[PDB]
2 protein chains.
Amino acid sequence: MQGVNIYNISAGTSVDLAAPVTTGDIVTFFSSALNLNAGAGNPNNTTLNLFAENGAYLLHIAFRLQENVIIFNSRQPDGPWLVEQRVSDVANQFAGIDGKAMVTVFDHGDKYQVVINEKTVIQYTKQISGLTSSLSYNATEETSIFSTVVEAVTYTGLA
Amino acid sequence: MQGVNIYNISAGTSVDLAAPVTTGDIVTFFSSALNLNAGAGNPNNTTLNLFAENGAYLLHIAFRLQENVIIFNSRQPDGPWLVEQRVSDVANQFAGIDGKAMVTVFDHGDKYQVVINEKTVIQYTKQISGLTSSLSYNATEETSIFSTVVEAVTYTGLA
Ligand SMILES: CC(=O)N[C@H]1[C@@H](Oc2ccc([N+](=O)[O-])cc2)O[C@H](CO)[C@H](O)[C@@H]1O[C@@H]1O[C@H](CO)[C@H](O)[C@H](O)[C@H]1O
Ligand SMILES: CC(=O)N[C@H]1[C@@H](Oc2ccc([N+](=O)[O-])cc2)O[C@H](CO)[C@H](O)[C@@H]1O[C@@H]1O[C@H](CO)[C@H](O)[C@H](O)[C@H]1O
């Protein structure tokens with residue numbers, strides 16, 4: 001059965017999905033703000049994460065203004081960060097829409113397709129496989145590029 | 001190639017899709033407001049529509065607060081309106097989210113699954129088949145239950 005689930009994620013918190021995200025599923029994060037003037041992160045300004053049930057970072061999306069890049073990586077719950085994939089020119093990815101943004105992740109089985117607004121920024125070859133059972137939005141109340149609360153909407157049971 | 005498209009639909013207007021919505025695709029209408037104290041409709045307070053290339057209403061979603069029902073119907077290019085399907089208790093369908101709302105439509109080929117926020121309100125067996133090439137949001141300032149502008153996000157090329 002296809003379903004839609006909605007979550008309010010406050011900066012620095014995580015949520016367990018009522019409906020896990022697997023191959024064929026979609027998750028979109030909505031921000032009611034776009035603060036490209038957030039300044040230096042620590043080192044990240046904002047991160048959006050998809051976690052496996054074992055706590056592994058299946059997909060880690062990090063916006064780092066001080067380096068003008070968007071980083072994509074994975075990490076076992078007990079291992080070190082793996083190989084980073086980077087997309088340069090942050091402002092460029094959000095161009096066209098001001099004061100807000102949306103980041104969509106399509107779980108394609110072997111890859112995660114990440115779209116910022118209407119622009120696909122990367123076809124991320126997975127470094128770790130599995131279903132996503134938790135999501136998180138991490139940032140400080142001072143240096144995040146997104147609103148204090150980010151809304152996550154999942155479309156599951158699609159396949 | 002899976003894609004995300006965003007449209008800003010002002011009340012009383014329609015938009016042509018850059019990427020048509022077909023079987024397996026999804027469209028979600030986002031309202032930045034939810035006025036359940038709107039004046040009586042005549043008879044509709046708000047309607048959301050998916051049109052075929054020929055102008056047929058593939059799916060017509062009409063909210064009627066005063067009558068306390070949501071109407072689902074289809075209309076042939078030159079009319080007439082077809083068989084209406086109704087769902088009672090409008091307020092209850094939006095229960096869970098205050099001051100805003102989302103209506104999602106899944107095109108399952110033989111049916112359209114409509115979900116208000118997280119609740120599926122109907123599995124509408126199509127009366128008219130075909131590709132969705134445009135969308136519309138109709139309402140006026142005093143009768144609408146939604147915001148002046150409704151944002152529509154389409155997820156296509158999913159199948
Ligand atoms: C502070 C900082 O920019 N950290 C970067 C940096 O980390 C290292 C680690 C070790 C050494 N070294 O022994 O010489 C140099 C730099 O580069 C890393 C990539 O090579 C990371 O970018 C790291 O930041 C961390 O990135 C991960 C995701 O990959 C995650 O975002 C962490 O929160 C972040 O600290
Ligand atoms: C005004 C109104 O309530 N229109 C309804 C109604 O149509 C009639 C027809 C005759 C009379 N009357 O002689 O007193 C009153 C109401 O019921 C129709 C269904 O039997 C429709 O629901 C009609 O509204 C129209 O519905 C279609 C979708 O089916 C669409 O929403 C039109 O915009 C709407 O006017």
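Of everything listed in (1) under 30 Å from A:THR120 (Cα atoms); (2) more than 14 Å from chain A (Cβ to nearest Cβ); (3) acidic (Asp, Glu), the single unmet condition for B:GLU67 is (1). The residue pairs whose first member lies in segment A:3-24 and is without any contact (Cβ under 8 Å) to a residue 60 or more places away in the chain, whose second member is surrounded by 14 or more Cβ atoms within 10 Å (Cβ to Cβ) and in a strand (DSSP E or B), and whose beta carbons are closer than 6 Å, counting only pairs six or more residues apart or on different chains, are A:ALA18/A:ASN5. Return the residues of segment B:15-48 that are among the small types (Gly, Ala, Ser) and either in contact with a helix residue (DSSP H, G or I) (Cβ under 6 Å, 6 or more places away or on another chain) or under 22 Å from A:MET102 (Cβ atoms) (or both); say none if nothing qualifies. Result: B:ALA18, B:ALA19, B:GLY24, B:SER31, B:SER32, B:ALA33.
Selection of segment B:40-82 for residues being of a type in the set (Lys, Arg) and either under 13 Å from B:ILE145 (Cβ atoms) or within 16 Å of ligand 1 (Cβ to nearest atom) (or both) yields only B:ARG64.
Yes or no: A:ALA95 of a type outside the set (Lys, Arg) and in contact with a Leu (Cβ under 9 Å, 6 or more places away or on another chain)? Here the answer is no, as A:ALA95 does not meet what is asked.
To keep it simple, each residue is scored yes or no on (1) closer than 17 Å to A:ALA11 by Cα; (2) loosely packed, with under 14 Cβ neighbours inside 10 Å.
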site: A:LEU36; (1), (2): yes, yes
site: A:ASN54; (1), (2): no, yes
site: A:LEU58; (1), (2): no, no
site: A:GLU67; (1), (2): no, no
site: A:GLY79; (1), (2): no, yes
site: A:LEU82; (1), (2): no, no
site: A:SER88; (1), (2): no, yes
site: A:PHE94; (1), (2): no, no
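Checked against (1) over 12 Å from the mean Cα position of the chain (by Cα); (2) within 16 Å of ligand 1 (Cβ to nearest atom), A:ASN35 meets all criteria but (2). Residues in segment A:8-34 that are more than 9 Å from every other protein chain (Cβ to nearest Cβ), buried (at least 18 other Cβ atoms within 10 Å of the Cβ) and of a type in the set (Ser, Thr, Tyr): A:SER31 alone. Confirm whether A:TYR137 is more than 26 Å from B:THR120 (Cα to Cα) and buried (at least 21 other Cβ atoms within 10 Å of the Cβ). Yes: the conditions hold for A:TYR137.
Note that each Cβ is placed from the backbone with ideal geometry, even for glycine, and that neighbours are counted across all protein chains shown. No value in this document is a laboratory result; all are computed from the given coordinates.
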